[PDB]
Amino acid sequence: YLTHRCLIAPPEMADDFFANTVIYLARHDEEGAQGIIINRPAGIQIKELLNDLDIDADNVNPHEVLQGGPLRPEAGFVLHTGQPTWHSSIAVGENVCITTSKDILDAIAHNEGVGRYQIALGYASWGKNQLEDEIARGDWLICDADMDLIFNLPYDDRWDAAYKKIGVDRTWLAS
């Protein structure tokens, strides 16, 4: 399936919500697919989010909180590296995990044991065969995920980078 891959909104996509997005696919099986947009900050600082979740974080390092999708804006997801060592954690792909337990939030609050990360509120979901049908009719572009797209690159440069990455192993004129 397409787990660990990134969906890229084509430049011509008219969808008001998904236009200009890069979506990391966390899960994709026979029942559907679920993803997290990785290039759209919500305009919320990590300290604000932690405090709202009743977690002290007076010394937490500044970090953006992402809008992961249009569904369940209450649900938080932390993307990070290493093994799924936390209480509720799953390995998605090459050294990348998604954790929904609160233990990792305490780690983030104290600036330790987390490393590079993204925390997103909300997610994107597709029903059975839905994503496959959309891809079939050319609704999405696709590229492999990597550390730059998920963690290193500035959020506002991720769509361009993903769009360009398509051309690393195939003839692709990004223009």
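All residue numbers refer to positions in the sequence shown, first residue = 1.
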Exercise for the section: Tell me which of 115-123 and 43-51 has the higher mean C-alpha B-factor in the deposited entry. Expected result: 43-51
Problem - Of 73-81 and 94-102, the one with larger mean CA B-factor - result: 94-102
Fill in the blank from the handout: Reading the B-factor column for Cα atoms of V65, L149, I135, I36, the highest value belongs to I135
Handout entry: Third assignment of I8 from its chain's C-alpha B-factors
Key = lowest
Exercise for the section: Using the B-factor values recorded in the entry, state whether the Cα atom of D160 falls in the lowest, middle or highest third among the modelled residues of its chain. Expected result: middle
Exercise for the section: Please rank the C-alpha B-factors of the chain's modelled residues and tell me whether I23 sits in the lowest, middle or highest third. Expected result: lowest
Exercise for the section: Comparing against every modelled residue in the chain, figure out the third that the C-alpha B-factor of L153 lands in (lowest, middle or highest). Expected result: lowest
Fill in the blank from the handout: Of the three thirds of Cα B-factor ranks in this chain, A57 occupies the highest
